[PDB]
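Novice: Sharing start-v6.txt here; it has compact mmCIF, C-alpha atoms and all ligand atoms.
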# COMPACT_ATOMS: atom_id res chain seq x y z
CA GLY A 1 -48.21 -4.29 17.01
CA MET A 2 -51.72 -4.63 15.63
CA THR A 3 -52.38 -7.27 12.98
CA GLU A 4 -52.68 -5.74 9.51
CA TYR A 5 -54.40 -7.31 6.49
CA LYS A 6 -53.70 -6.05 2.96
CA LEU A 7 -56.85 -6.30 0.83
CA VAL A 8 -57.05 -5.52 -2.89
CA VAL A 9 -60.37 -4.79 -4.59
CA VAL A 10 -60.48 -5.89 -8.23
CA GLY A 11 -63.07 -5.94 -10.96
CA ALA A 12 -64.15 -4.31 -14.19
CA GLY A 13 -64.88 -0.63 -14.58
CA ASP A 14 -67.95 0.71 -12.81
CA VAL A 15 -68.84 -2.43 -10.84
CA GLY A 16 -68.74 -0.49 -7.57
CA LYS A 17 -65.25 -1.20 -6.18
CA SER A 18 -64.93 2.34 -4.84
CA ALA A 19 -68.55 2.59 -3.70
CA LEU A 20 -68.18 -0.60 -1.65
CA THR A 21 -64.97 0.66 -0.08
CA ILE A 22 -66.43 4.08 0.68
CA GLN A 23 -69.43 2.46 2.35
CA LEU A 24 -67.03 0.52 4.55
CA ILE A 25 -64.97 3.61 5.43
CA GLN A 26 -67.42 6.53 5.46
CA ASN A 27 -70.76 4.67 5.74
CA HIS A 28 -72.34 6.54 2.85
CA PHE A 29 -73.01 6.29 -0.87
CA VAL A 30 -72.71 9.42 -3.03
CA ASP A 31 -72.92 9.07 -6.81
CA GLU A 32 -70.36 11.66 -7.91
CA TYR A 33 -67.31 11.76 -10.16
CA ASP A 34 -63.92 11.44 -8.44
CA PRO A 35 -60.75 11.69 -10.56
CA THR A 36 -58.48 9.60 -8.32
CA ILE A 37 -57.50 6.20 -9.75
CA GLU A 38 -55.41 4.77 -6.91
CA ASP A 39 -56.50 5.02 -3.30
CA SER A 40 -55.30 3.20 -0.20
CA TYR A 41 -57.50 3.24 2.88
CA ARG A 42 -56.83 2.11 6.45
CA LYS A 43 -59.72 1.00 8.65
CA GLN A 44 -59.60 -0.55 12.10
CA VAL A 45 -62.33 -3.16 12.58
CA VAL A 46 -63.29 -5.90 15.01
CA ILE A 47 -64.05 -9.27 13.43
CA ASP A 48 -65.01 -12.22 15.65
CA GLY A 49 -63.81 -10.26 18.67
CA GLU A 50 -60.33 -9.68 17.21
CA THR A 51 -59.23 -6.16 16.25
CA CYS A 52 -57.17 -5.65 13.13
CA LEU A 53 -56.20 -2.94 10.70
CA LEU A 54 -57.32 -3.26 7.08
CA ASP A 55 -55.20 -1.71 4.34
CA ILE A 56 -57.60 -1.60 1.38
CA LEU A 57 -56.26 -0.84 -2.09
CA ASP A 58 -58.89 0.51 -4.49
CA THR A 59 -57.81 1.27 -8.06
CA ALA A 60 -59.63 2.12 -11.26
CA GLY A 61 -60.60 -0.89 -13.36
CA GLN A 62 -60.50 0.40 -16.94
CA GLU A 63 -58.38 -1.54 -19.42
CA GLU A 64 -56.07 1.44 -19.96
CA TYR A 65 -54.61 0.69 -16.50
CA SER A 66 -54.22 -3.05 -17.10
CA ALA A 67 -50.41 -2.99 -17.13
CA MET A 68 -50.49 -1.97 -13.44
CA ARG A 69 -52.99 -4.65 -12.37
CA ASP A 70 -50.44 -7.35 -11.54
CA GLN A 71 -48.31 -4.88 -9.59
CA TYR A 72 -51.22 -3.77 -7.42
CA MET A 73 -52.39 -7.36 -6.96
CA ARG A 74 -48.89 -8.47 -5.91
CA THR A 75 -49.22 -6.37 -2.73
CA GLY A 76 -52.39 -8.11 -1.57
CA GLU A 77 -52.98 -10.86 0.94
CA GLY A 78 -56.65 -11.20 -0.01
CA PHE A 79 -58.83 -10.13 -2.90
CA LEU A 80 -62.37 -8.84 -3.24
CA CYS A 81 -63.31 -9.81 -6.80
CA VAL A 82 -66.29 -7.66 -7.74
CA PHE A 83 -68.72 -7.85 -10.63
CA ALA A 84 -72.01 -6.01 -11.08
CA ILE A 85 -75.17 -8.07 -11.47
CA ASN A 86 -76.33 -5.88 -14.39
CA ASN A 87 -73.01 -6.16 -16.30
CA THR A 88 -72.48 -9.56 -17.87
CA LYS A 89 -69.05 -8.60 -19.21
CA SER A 90 -67.90 -7.83 -15.66
CA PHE A 91 -68.95 -11.34 -14.62
CA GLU A 92 -67.20 -12.93 -17.59
CA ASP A 93 -64.05 -11.02 -16.59
CA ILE A 94 -63.97 -12.78 -13.20
CA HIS A 95 -62.31 -15.87 -14.68
CA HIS A 96 -59.42 -13.74 -15.96
CA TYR A 97 -59.06 -11.91 -12.64
CA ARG A 98 -58.90 -15.22 -10.80
CA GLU A 99 -56.29 -16.57 -13.22
CA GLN A 100 -54.23 -13.38 -12.87
CA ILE A 101 -54.32 -13.50 -9.05
CA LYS A 102 -53.25 -17.15 -9.06
CA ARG A 103 -50.38 -16.28 -11.40
CA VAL A 104 -49.24 -13.29 -9.34
CA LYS A 105 -49.50 -15.06 -5.97
CA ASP A 106 -48.12 -18.29 -7.51
CA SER A 107 -50.83 -20.37 -5.90
CA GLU A 108 -54.18 -22.00 -6.60
CA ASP A 109 -55.21 -21.22 -2.99
CA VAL A 110 -55.48 -17.45 -2.51
CA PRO A 111 -57.87 -15.74 -0.04
CA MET A 112 -60.63 -14.35 -2.20
CA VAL A 113 -64.32 -13.47 -2.08
CA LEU A 114 -66.58 -13.16 -5.12
CA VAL A 115 -68.87 -10.13 -4.78
CA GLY A 116 -71.96 -9.57 -6.90
CA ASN A 117 -72.65 -5.87 -6.43
CA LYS A 118 -75.64 -3.61 -7.24
CA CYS A 119 -78.22 -6.04 -5.83
CA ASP A 120 -80.59 -3.12 -5.18
CA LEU A 121 -81.30 -2.85 -8.91
CA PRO A 122 -84.69 -3.84 -10.37
CA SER A 123 -83.02 -5.77 -13.20
CA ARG A 124 -80.05 -8.07 -13.53
CA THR A 125 -78.30 -10.07 -16.22
CA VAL A 126 -76.23 -12.43 -14.03
CA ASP A 127 -78.11 -15.17 -12.19
CA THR A 128 -77.26 -15.76 -8.54
CA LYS A 129 -77.00 -19.51 -9.18
CA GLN A 130 -74.37 -18.97 -11.89
CA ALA A 131 -72.27 -16.85 -9.54
CA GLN A 132 -72.67 -19.30 -6.65
CA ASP A 133 -71.56 -22.17 -8.86
CA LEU A 134 -68.56 -20.20 -10.13
CA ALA A 135 -67.51 -19.40 -6.56
CA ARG A 136 -67.89 -23.06 -5.62
CA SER A 137 -65.72 -24.08 -8.59
CA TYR A 138 -62.96 -21.81 -7.23
CA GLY A 139 -63.47 -22.75 -3.58
CA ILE A 140 -64.28 -19.17 -2.50
CA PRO A 141 -67.29 -17.52 -0.80
CA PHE A 142 -69.86 -15.57 -2.81
CA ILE A 143 -71.71 -12.58 -1.37
CA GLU A 144 -74.27 -10.28 -2.98
CA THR A 145 -73.96 -6.62 -2.01
CA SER A 146 -75.32 -3.18 -2.60
CA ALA A 147 -73.12 -0.20 -1.92
CA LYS A 148 -76.27 1.93 -2.20
CA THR A 149 -78.24 0.20 0.56
CA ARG A 150 -75.15 -1.18 2.41
CA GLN A 151 -76.55 -4.73 2.26
CA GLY A 152 -73.75 -7.27 2.45
CA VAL A 153 -70.91 -4.71 2.56
CA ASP A 154 -69.52 -5.55 5.99
CA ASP A 155 -70.06 -9.25 5.34
CA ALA A 156 -68.01 -9.09 2.13
CA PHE A 157 -64.97 -7.48 3.74
CA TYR A 158 -65.24 -9.43 7.00
CA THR A 159 -65.57 -12.73 5.11
CA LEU A 160 -62.40 -11.86 3.20
CA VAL A 161 -60.53 -11.30 6.48
CA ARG A 162 -61.82 -14.65 7.74
CA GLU A 163 -60.52 -16.23 4.52
CA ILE A 164 -57.09 -14.70 5.13
CA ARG A 165 -57.06 -15.90 8.75
CA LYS A 166 -57.90 -19.45 7.63
CA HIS A 167 -55.18 -19.34 4.97
CA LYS A 168 -52.55 -18.23 7.50
CA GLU A 169 -53.30 -21.35 9.57
CA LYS A 170 -51.69 -23.36 6.73
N1 LIG B 201 -77.49 1.17 -7.84
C1 LIG B 201 -76.20 1.03 -7.50
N2 LIG B 201 -75.28 1.79 -8.08
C2 LIG B 201 -74.03 1.53 -7.65
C3 LIG B 201 -73.64 0.60 -6.72
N3 LIG B 201 -72.28 0.63 -6.54
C4 LIG B 201 -71.87 1.57 -7.35
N4 LIG B 201 -72.88 2.16 -8.06
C5 LIG B 201 -72.75 3.22 -9.07
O1 LIG B 201 -72.04 2.68 -10.17
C6 LIG B 201 -71.10 3.65 -10.68
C7 LIG B 201 -69.70 3.09 -10.58
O2 LIG B 201 -69.34 3.01 -9.18
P1 LIG B 201 -67.84 3.09 -8.71
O3 LIG B 201 -67.83 2.81 -7.22
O4 LIG B 201 -67.20 4.33 -9.18
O5 LIG B 201 -67.23 1.84 -9.49
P2 LIG B 201 -65.69 1.40 -9.68
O6 LIG B 201 -65.76 -0.08 -9.74
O7 LIG B 201 -64.88 1.91 -8.53
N5 LIG B 201 -65.28 2.08 -11.11
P3 LIG B 201 -63.69 2.38 -11.63
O8 LIG B 201 -63.13 1.08 -12.10
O9 LIG B 201 -63.85 3.36 -12.77
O10 LIG B 201 -62.87 2.97 -10.45
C8 LIG B 201 -71.34 4.93 -9.88
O11 LIG B 201 -72.27 5.75 -10.59
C9 LIG B 201 -71.92 4.40 -8.57
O12 LIG B 201 -72.72 5.35 -7.88
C10 LIG B 201 -74.65 -0.22 -6.09
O13 LIG B 201 -74.47 -1.10 -5.26
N6 LIG B 201 -75.91 0.08 -6.56
MG MG B 202 -64.33 5.33 -12.91
MG MG B 203 -63.25 3.20 -8.49
MG MG B 204 -84.43 -1.97 -5.72
MG MG B 205 -60.60 -21.88 -1.17
For the structure just supplied, provide its representation as structure tokens.
Specialist:
Amino acid sequence: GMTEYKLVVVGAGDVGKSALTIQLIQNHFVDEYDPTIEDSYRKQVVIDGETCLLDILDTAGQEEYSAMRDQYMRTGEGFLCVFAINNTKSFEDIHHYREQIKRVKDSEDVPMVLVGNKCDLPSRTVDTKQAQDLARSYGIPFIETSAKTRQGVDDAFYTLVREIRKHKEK
């Protein structure tokens, strides 16, 4: 009888989709190869005093899996749209992910958070102002994260749940 939220993590290869999810679930970062390409996780959390169960779908982002993207997305209630701040192509891809989500959910109003990951790095190619303005143009929150240091990780997922809760009031 507990409220469940279905989250889907999307973004280009190597942006840190899995690392962010593993930090949320296991509270660690380990840079090691893992051959799985489709993983569902369940985590019970308390957000604003309300307990819920997150079902988090984390799939590999390489283009060779692109035919499955819409089918994974179609299961989601909310989307963590991740790019890496040192990967300009991953930021350019965000527009196409947003368009695909809108198409799959048949709506211009879909719970979504833009995540700029790898903020621990000493260099970056994507300016924070550019990402903030993009998020504003979509009407979604923007959060900078590091799966390595854990900065912003809880805030990214919890903000997404808050976005779903607000959407369900409509
Ligand atoms: N410095 C730093 N490295 C990170 C961060 N997040 C992930 N990485 C590293 O970047 C690489 C890709 O991370 P991974 O979580 O596998 O990314 P993914 O988005 O799930 N890739 P795929 O689409 O192939 O499943 C790994 O070497 C990982 O350790 C971060 O916040 N900071
Ligand atoms: Mg990979
Ligand atoms: Mg992954
Ligand atoms: Mg640093
Ligand atoms: Mg909005």
Novice: Let me see if you get this right: every residue at most 6 Å from ligand LIG 201 (chain B), counting all atoms listed in the file, written as a list in words.
Specialist: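 Within the 6 Å cut-off, the matching residues are residues 12, 13, 14, 15, 16, 17, 18, 19, 31, 59, 60, 61, 62, 117, 118, 120, 121, 146, 147 and 148 of chain A.
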Novice: Which chains and residue numbers are within 6 Å of ligand MG 205 (chain B), counting only C-alpha atoms and all ligand atoms, if I want them as a ChimeraX atom specification?
Specialist: /A:109,139-140
Novice: Can I get the selected residues back with C-alpha atoms, as a short mmCIF file (atom, residue, chain, number, x, y, z; two decimals), in the frame of the given file?
Specialist:
data_model
loop_
_atom_site.label_atom_id
_atom_site.label_comp_id
_atom_site.auth_asym_id
_atom_site.auth_seq_id
_atom_site.Cartn_x
_atom_site.Cartn_y
_atom_site.Cartn_z
CA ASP A 109 -55.21 -21.22 -2.99
CA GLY A 139 -63.47 -22.75 -3.58
CA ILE A 140 -64.28 -19.17 -2.50
#
Novice: Return the single residue from A:101, A:143, A:85, A:156 that is closest to residue 127 in chain A, with distances computed using only C-alpha atoms.
Specialist: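 Smallest distance to residue 127 in chain A is found for A:85.
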Novice: What gap, in Å, lies between CA of residue 53 in chain A and CA of residue 6 in chain A?
Specialist: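 Between CA of residue 53 in chain A and CA of residue 6 in chain A the gap is 8.7 Å.
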Novice: What is the CA of residue 79 in chain A-CA of residue 112 in chain A distance in Å, reported with one decimal?
Specialist: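 Atom-to-atom, CA of residue 79 in chain A and CA of residue 112 in chain A are spaced 4.6 Å apart.
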Novice: Ranking A:153, A:106, A:170, A:80 by minimum distance to residue 28 in chain A and counting all atoms listed in the file, which one comes first?
Specialist: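 Checking each of A:153, A:106, A:170, A:80 against residue 28 in chain A, counting all atoms listed in the file, the winner is A:153.
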Novice: What's the 8 Å shell around residue 87 in chain A, counting all atoms listed in the file, without same-chain residues fewer than 2 positions away, as a count of residues only?
Specialist: 10
Novice: Given the choices A:57, A:134, A:73, A:67, which gets closest to residue 20 in chain A if the distance is worked out from all atoms listed in the file?
Specialist: A:57
Novice: Given only C-alpha atoms and all ligand atoms as the basis, pick out the residue of A:45, A:1, A:122, A:110 nearest to ligand MG 204 (chain B).
Specialist: A:122
Novice: Identify which of the residues A:58, A:68, A:157, A:103 lies closest to residue 9 in chain A, counting all atoms listed in the file when measuring atom-to-atom distances.
Specialist: A:58
Novice: Provide the CA of residue 32 in chain A to CA of residue 8 in chain A distance in Å, to one decimal place.
Specialist: 22.3 Å
Novice: Please list as number ranges by chain every residue within 9 Å of residue 97 in chain A, counting all atoms listed in the file and excluding residues in the same chain fewer than 6 positions away.
Specialist: A: 10-11, 81
Novice: Which of these residues is nearest to ligand MG 202 (chain B), using all atoms listed in the file: A:40, A:63, A:131, A:96?
Specialist: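 Selected residue with least distance to ligand MG 202 (chain B): A:63.
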Novice: Can you pull out the residues contacting residue 142 in chain A? Cut-off 9 Å, using all atoms listed in the file, and skip same-chain residues under 4 positions away; I want them as JSON, numbers by chain.
Specialist: {"A": [113, 114, 115, 116, 131, 132, 134, 135, 136, 156]}
Novice: Using C-alpha atoms, can you write the selected residues to a file as a CSV table (one decimal), in the coordinates of the input?
Specialist:
chain,number,residue,atom,x,y,z
A,113,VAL,CA,-64.3,-13.5,-2.1
A,114,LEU,CA,-66.6,-13.2,-5.1
A,115,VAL,CA,-68.9,-10.1,-4.8
A,116,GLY,CA,-72.0,-9.6,-6.9
A,131,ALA,CA,-72.3,-16.8,-9.5
A,132,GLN,CA,-72.7,-19.3,-6.6
A,134,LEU,CA,-68.6,-20.2,-10.1
A,135,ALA,CA,-67.5,-19.4,-6.6
A,136,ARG,CA,-67.9,-23.1,-5.6
A,156,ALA,CA,-68.0,-9.1,2.1
Novice: Can you give me N, CA, C and O atoms for range 43-63 of chain A, written as a compact mmCIF listing (two decimals), in the frame of the given file?
Specialist:
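The result, written out as selection.txt:
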# COMPACT_ATOMS: atom_id res chain seq x y z
N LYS A 43 -58.59 1.05 7.74
CA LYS A 43 -59.72 1.00 8.65
C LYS A 43 -59.50 -0.05 9.72
O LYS A 43 -59.20 -1.21 9.42
N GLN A 44 -59.65 0.37 10.97
CA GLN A 44 -59.60 -0.55 12.10
C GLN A 44 -60.99 -1.13 12.32
O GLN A 44 -61.98 -0.39 12.37
N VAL A 45 -61.06 -2.45 12.42
CA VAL A 45 -62.33 -3.16 12.58
C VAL A 45 -62.15 -4.26 13.61
O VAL A 45 -61.03 -4.68 13.91
N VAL A 46 -63.27 -4.73 14.14
CA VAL A 46 -63.29 -5.90 15.01
C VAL A 46 -64.08 -6.99 14.30
O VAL A 46 -65.23 -6.78 13.89
N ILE A 47 -63.45 -8.14 14.13
CA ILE A 47 -64.05 -9.27 13.43
C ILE A 47 -63.89 -10.49 14.32
O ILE A 47 -62.76 -10.87 14.66
N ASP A 48 -65.02 -11.08 14.73
CA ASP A 48 -65.01 -12.22 15.65
C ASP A 48 -64.25 -11.91 16.94
O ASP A 48 -63.51 -12.74 17.46
N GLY A 49 -64.43 -10.69 17.44
CA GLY A 49 -63.81 -10.26 18.67
C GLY A 49 -62.35 -9.88 18.58
O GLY A 49 -61.76 -9.50 19.59
N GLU A 50 -61.74 -9.97 17.40
CA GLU A 50 -60.33 -9.68 17.21
C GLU A 50 -60.18 -8.41 16.38
O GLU A 50 -60.73 -8.32 15.28
N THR A 51 -59.44 -7.44 16.92
CA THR A 51 -59.23 -6.16 16.25
C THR A 51 -58.09 -6.30 15.26
O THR A 51 -57.09 -6.96 15.54
N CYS A 52 -58.24 -5.68 14.10
CA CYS A 52 -57.17 -5.65 13.13
C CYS A 52 -57.28 -4.38 12.30
O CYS A 52 -58.28 -3.65 12.37
N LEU A 53 -56.24 -4.12 11.54
CA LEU A 53 -56.20 -2.94 10.70
C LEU A 53 -56.24 -3.40 9.25
O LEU A 53 -55.41 -4.19 8.82
N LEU A 54 -57.22 -2.92 8.49
CA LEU A 54 -57.32 -3.26 7.08
C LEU A 54 -56.64 -2.18 6.26
O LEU A 54 -56.89 -0.99 6.47
N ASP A 55 -55.76 -2.58 5.35
CA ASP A 55 -55.20 -1.71 4.34
C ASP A 55 -55.88 -2.12 3.05
O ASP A 55 -55.64 -3.22 2.55
N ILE A 56 -56.76 -1.27 2.52
CA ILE A 56 -57.60 -1.60 1.38
C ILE A 56 -57.13 -0.79 0.19
O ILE A 56 -57.17 0.45 0.22
N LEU A 57 -56.70 -1.47 -0.86
CA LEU A 57 -56.26 -0.84 -2.09
C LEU A 57 -57.39 -0.87 -3.10
O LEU A 57 -57.89 -1.94 -3.45
N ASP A 58 -57.78 0.31 -3.56
CA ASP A 58 -58.89 0.51 -4.49
C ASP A 58 -58.37 1.29 -5.68
O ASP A 58 -58.00 2.46 -5.55
N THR A 59 -58.34 0.66 -6.85
CA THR A 59 -57.81 1.27 -8.06
C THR A 59 -58.83 1.19 -9.18
O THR A 59 -59.71 0.33 -9.18
N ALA A 60 -58.70 2.10 -10.14
CA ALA A 60 -59.63 2.12 -11.26
C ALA A 60 -59.47 0.88 -12.13
O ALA A 60 -58.35 0.41 -12.37
N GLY A 61 -60.58 0.38 -12.66
CA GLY A 61 -60.60 -0.89 -13.36
C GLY A 61 -60.57 -0.85 -14.87
O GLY A 61 -60.59 -1.92 -15.49
N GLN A 62 -60.49 0.33 -15.48
CA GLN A 62 -60.50 0.40 -16.94
C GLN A 62 -59.27 -0.28 -17.54
O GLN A 62 -58.19 -0.32 -16.94
N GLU A 63 -59.44 -0.77 -18.77
CA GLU A 63 -58.38 -1.54 -19.42
C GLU A 63 -57.12 -0.71 -19.64
O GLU A 63 -56.02 -1.27 -19.70
